[PDB]
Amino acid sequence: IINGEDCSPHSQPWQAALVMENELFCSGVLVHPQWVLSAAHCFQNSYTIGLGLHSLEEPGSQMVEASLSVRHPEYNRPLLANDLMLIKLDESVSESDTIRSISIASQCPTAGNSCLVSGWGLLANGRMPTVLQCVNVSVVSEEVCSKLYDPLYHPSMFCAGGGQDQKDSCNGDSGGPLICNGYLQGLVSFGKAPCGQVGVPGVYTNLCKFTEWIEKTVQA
């Protein structure tokens, strides 16, 4: 997260850390007691998932195994598009004060929506934080996203950020949540390199387009 701050502890209780050999490579989002959304580009054959965390280095936190996951069937067709997967935890987690699922937005993004993105990806100073970071970003129009991310803009994507304040997601934030008006709207997916350029929003998986696929998978 570029130009954010430490989140208030446990204020994003759906945040999931995806780690391999105790090293973070992505985040995810707890959407039901047994289900974590993440970016399809975070796919692995198995996962250790940190829940209820603030630091990666805390009563109620859990490390859980997940042995099953499924990428959206059209991931990367076309390139970078449809960037979501569902991870099924090997055991359901009983909701607690610090581990809680978040609902997916019933509305699709529109310009001006106010959002929050969180994660343990790179900071503005190029370091990896130990404490979960949070920053505010606003949705921009589809036409802005299309123009900026020509030739690869696809309706499975939307853009948020791009202010002169240089607030953005960055490497290591993929799969983590973008909460707009209090609902899960997007997952961190991709953006321009470098992250945090003036005027340049990041790109997020457009979850309102996938609620049927997500819930059909959950219920199967």
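C-alpha atoms forming the largest set that superposes within 1.5 Å between two forms make up the rigid core. Numbers follow the displayed sequence, beginning with 1.
RMS Cα deviation from the shown model in 5 other deposited structures of this protein, rigid core fit, is larger for 108-116 than for the other stretch of the pair 71-79 / 108-116. Farther on average from this form in 5 other deposited structures of this protein lies stretch 145-153, the comparison being between 145-153 and 117-125 by RMS Cα distance after core superposition. Going from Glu57 to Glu58, you skip over 1 to 3 residues of the deposited sequence that the entry leaves unmodelled.
The mean Cα B-factor in the deposited entry runs higher for 93-101 than for the other of 93-101 and 127-135. Once the C-alpha B-factors are averaged per stretch, 20-28 and 202-210 rank with 20-28 first. Among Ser169, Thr48, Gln185, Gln34, the highest C-alpha B-factor recorded in the PDB entry belongs to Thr48. Highest CA B-factor among the listed residues (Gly162, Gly191, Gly175, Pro155): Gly162. When all modelled residues of the chain are sorted by CA temperature factor, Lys88 is found within the lowest third. When the CA B factors of the chain's modelled residues are split into thirds, the value for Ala220 lands in the highest one. Sort the modelled residues of the chain by CA B factor and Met63 lands in the highest third. Sort the modelled residues of the chain by CA B factor and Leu122 lands in the middle third. Split the chain's modelled residues into thirds by C-alpha temperature factor. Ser11 is in the highest one.
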